[PDB]
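Take a look at this one chain, the form deposited in one PDB entry, written out in C-alpha cells.
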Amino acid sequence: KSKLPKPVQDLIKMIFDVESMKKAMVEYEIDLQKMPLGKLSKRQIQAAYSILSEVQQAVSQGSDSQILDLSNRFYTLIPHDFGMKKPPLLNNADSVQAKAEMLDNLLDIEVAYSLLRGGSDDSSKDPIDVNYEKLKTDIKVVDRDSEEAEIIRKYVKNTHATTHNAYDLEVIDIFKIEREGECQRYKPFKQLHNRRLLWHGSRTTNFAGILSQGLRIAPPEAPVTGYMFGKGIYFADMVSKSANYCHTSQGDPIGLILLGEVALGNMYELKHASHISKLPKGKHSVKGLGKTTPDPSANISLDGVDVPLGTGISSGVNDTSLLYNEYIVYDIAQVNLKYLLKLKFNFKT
C-alpha cells in the first residue's frame, strides 16, 4: 500500500501516466496506429533529427520541388496522422523548430516508457514505490510554513508577467528533489560566481525522463537552427514564462515546473537569435536579454544561491527580441535541480 506521502504518490502517478504520453504524441500530430508508444525508439528519433537537419540545410540555401523529397523522408521515419493525406510541406524555419520540439518530447517520453517496460514485476509491491525507485531521485514534501516555502511562493507570486495574465497560478505542492549523483556532477561549479535559482517548465510527460536522466541537451543530430540560442538547457527568471511551456489547458490544468541551481558565471549577453555550437572563450552561459527583468535590488539568497524574485521592471535594453530574460547553459553539469512544484492553472478565458 506504499508509505510515501500522498503528494509524492500523486506526482508519480502523474509523470508515469501512459495515457498522458499518448495524448502528448497526438498533440504533436503523430499517428499512434503506425507509431505507437511501444514502437518508439532512440535510433528512430535520432534518425528523424538527422532528416530534420537535412531540411534545415535546404531551407538555409533556398525550391518546393527539391524540399518535397526531404519533407516526405521525415514523415517516413515519424508517421503523422493524415489518413490518405498528402501531408503539409516542411519548408521553413518554423517547421524545423516545431518538429524539433516534437522530437525533444519524444526523447523524454521514450525514456519514461522504457523505465516502465524494463525492470521487474512483483504484485506484492505497490507500483507507486516501484516506479518511484526508477527515478533515482529523493523526493520530499516541503512544509508549507518553512522558510524555503515562503521564498518559493514569493518567487511565484512576484514574477508572473502582465503579458501572461490569461491564467493565474496556484502552488499545490512544493517538493525538494535530489537526483542521484547530481551533487557530485555539480561539484566543479558549486562555488562559481553568478549561481542563480531559475525556472524550467516542461510538460508533465517529460518529467520521468528529466528526473531519471537530468535536464539534457538536444543531441548532435538535432538542427541547431531549431533552438534560438543553440542546443543548451534553457531557464527563465519569470515563473509565467516557464509556466507557458507546461502546455496546460482548461481540460488539463495541472502542471509541473522545476527550480534549478544554475551556474551561469560569466554570461554572454545576446539580444537576438544566435545558433551557436559553443560559447566564446571565458563565457560559462548565455543570457538572452529581456526588455523586462526582476528588480535587482529585491534579490534574496536561499542556501547561498541568488533568487531573483523582484517584481518586473524595465531592464533598459532597447532592440531585443525578448520580452523577458532567458538563461542557457551548454554543459549539463552546470545544473543542480533543487525543487519541483505542482501548479494549478486557473484560466480566466
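All residue numbers refer to positions in the sequence shown, first residue = 1. Rigid core (definition): largest C-alpha set, two forms, superposition within 1.5 Å.
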Practice task
Answer with none, 1 to 3, 4 to 9, or 10 or more: how many deposited residues between residue 62 and residue 63 are not present in the coordinates.
Solution key: 1 to 3
Practice task
Check the entry's C-alpha temperature factors for 36-44 and 319-327, then say which stretch has the higher mean.
Solution key: 36-44
Problem - Given 75-83 and 230-238, the range whose Cα B-factors average higher in the PDB entry - result: 75-83
Exercise for the section: Tell me which of 208, 171, 217, 90 tops the list for C-alpha B factor in the record. Expected result: 90
Problem - Highest-ranked of 146, 212, 158, 244 once sorted by CA temperature factor in the record - result: 146
Handout entry: B-factor third for the C-alpha atom of residue 257 within its chain
Key = lowest
Exercise for the section: Comparing against every modelled residue in the chain, figure out the third that the C-alpha B-factor of residue 290 lands in (lowest, middle or highest). Expected result: middle
Exercise for the section: Could you say whether, by C-alpha temperature factor, residue 104 belongs to the lowest, middle or highest third of its chain? Expected result: lowest
Problem - Relative C-alpha B-factor of residue 112, binned into the chain's lowest, middle or highest third - result: lowest
Practice task
Would you mind ranking residue 311 by its C-alpha B-factor against the rest of the chain and naming the third, lowest, middle or highest?
Solution key: lowest
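A second form of this protein, the form deposited in another entry, is not displayed here; the remarks below concern that form.
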Handout entry: Option from 141, 161, 128, 116 moving between the shown form and the other one, CA shift at or above 2 Å, rigid core reference
Key = 161
Exercise for the section: Examine residue 177 after superposing the rigid core and state whether its CA is displaced by 2 Å or more between the shown form and the other one. Expected result: no
Exercise for the section: Look at residue 323 and decide if its Cα position differs by 2 Å or more between the shown form and the other one after superposing on the rigid core. Expected result: no
Handout entry: C-alpha of residue 305 moved at least 2 Å between the shown form and the other one on rigid core
Key = no
